[PDB]
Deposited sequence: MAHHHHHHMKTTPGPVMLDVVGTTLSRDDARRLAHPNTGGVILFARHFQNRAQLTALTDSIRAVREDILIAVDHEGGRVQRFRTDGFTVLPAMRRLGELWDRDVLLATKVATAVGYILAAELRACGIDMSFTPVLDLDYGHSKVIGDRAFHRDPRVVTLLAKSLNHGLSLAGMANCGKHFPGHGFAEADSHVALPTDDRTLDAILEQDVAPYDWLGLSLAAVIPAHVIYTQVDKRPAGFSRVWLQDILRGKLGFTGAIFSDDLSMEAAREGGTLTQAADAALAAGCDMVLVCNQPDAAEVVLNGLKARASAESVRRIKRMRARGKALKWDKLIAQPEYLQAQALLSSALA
């Protein structure tokens, strides 16, 4: 089987008959996990194993950013700092900050792969303007050059465990704050010269992208996730990006602008998304699976988000010097 364009979630800590039906649908391509799917490491591994048993080509992801966004914080998972902490460390010691960023990346990816997960929806590349509360301390730094090199060092640590990455929220969620959709009335050039710069500078170190549920009125009235201008003209065209594009959670009502989930899913894919996220309502996601009108190009990019190579099980990772080394550095540096 080949991955479909829909990423959804399962009902709980153990796979159900309804999950198996949904996982087997041709338009299913991924699973995203949340805190309700984690009891302990043993349970989570059995869950991810059973998911791949139903659909061997499935992509399994999770929002593991650190700080305020980390689904798995217990039973050995290292509580990671808010990315804003790394920008603050950068301001005291640039090179040390890049060293810690990689260690955070490797810890993050290694622990996730030990439980059978492919990727995390990280890093946040939004600039820390201080404007967006939903972003807040999830942003690395105000300076796009600092965001680039810190995020790059983190993506390097992810790659050391064979894990990819996903920058967000394109073209930038940091400026709009802004219950309807946020709006950003800056000019295209202003958005390109700063918020978009990390996506451009990261080059091949950027594996994927999530667009923002934000309307940039001076560029396109459609939200970035449903904007062919942003996803094709800018990202694919002007920047030459060839990585995967995941929509932001379509379950966010205001993002759909009066349309159904299925209609919003068709618009996102039509705009340029390779995969769409429908979180926290599997039955509504199943309606999308069966009503979707919309692959060759996308399937290639989706397959390339699978974790590369073999992963260390927990019994092996806990005794690995590199893992132990990263743990110590994180404690001392922060």
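S.K.: When the deposited sequence is counted from residue 1, which ranges lack any model?
M.R.: Several stretches lack coordinates - namely 1-10, 189-191, 308-309, 350, in sequence order.
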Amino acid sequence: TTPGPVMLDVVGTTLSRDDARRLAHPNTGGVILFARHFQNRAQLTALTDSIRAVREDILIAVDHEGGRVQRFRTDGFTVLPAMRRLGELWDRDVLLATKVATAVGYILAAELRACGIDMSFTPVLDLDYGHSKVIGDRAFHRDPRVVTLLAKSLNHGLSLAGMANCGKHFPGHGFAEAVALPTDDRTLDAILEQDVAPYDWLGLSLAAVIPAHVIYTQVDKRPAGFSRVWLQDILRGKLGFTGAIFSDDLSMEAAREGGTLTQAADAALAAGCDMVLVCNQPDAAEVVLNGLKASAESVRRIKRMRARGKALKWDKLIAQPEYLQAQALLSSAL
From here on, numbers count along this sequence of modelled residues.
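S.K.: Could you find out if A178 - modelled in this structure - is missing from at least a third of the other PDB entries compared that contain residues on either side?
M.R.: Yes, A178 lacks coordinates in at least a third of the other entries compared.
S.K.: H131: absent from a third or more of the other PDB entries compared?
M.R.: In at least a third of the other entries, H131 has no coordinates.
S.K.: Mean CA B-factor: is it higher for 23-31 or for 296-304?
M.R.: Higher mean C-alpha B-factor in the PDB entry: 296-304.
S.K.: Averaging only over Cα atoms, indicate whether 67-75 or 185-193 has the higher B-factor in the PDB entry.
M.R.: Looking at the recorded C-alpha B-factors, 185-193 comes out higher on average.
S.K.: Quiz for you: based on the deposited Cα B-factor, which of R256, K99, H141, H169 is highest?
M.R.: Most elevated C-alpha B-factor of the set, per the entry: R256.
S.K.: Name the one of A178, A103, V146, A208 with the greatest CA B-factor according to the PDB entry.
M.R.: That would be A178.
S.K.: By the recorded C-alpha temperature factor, relative to the other modelled residues in its chain, which third is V54 in?
M.R.: Answer is highest: the recorded C-alpha B-factor places it there.
S.K.: Can you work out whether the C-alpha temperature factor of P223 puts it in the lowest, middle or highest third of the chain?
M.R.: Within its chain, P223 is a highest-third residue by C-alpha B-factor, going by the deposited values.
S.K.: Lowest, middle or highest third: which one holds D93 when the chain's residues are ordered by CA B-factor from the entry?
M.R.: For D93, whose C-alpha B-factor we compare with every modelled residue in the chain, the answer is the highest third.
S.K.: Using the temperature factors of the C-alpha atoms in this entry, rank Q263 within its chain: lowest, middle or highest third.
M.R.: Ranked within chain, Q263 CA B lands in the highest tercile.
S.K.: Could you place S120 in the lowest, middle or highest third of its chain by Cα temperature factor, using the values in the record?
M.R.: It belongs to the lowest third of the chain when residues are ordered by C-alpha B-factor.
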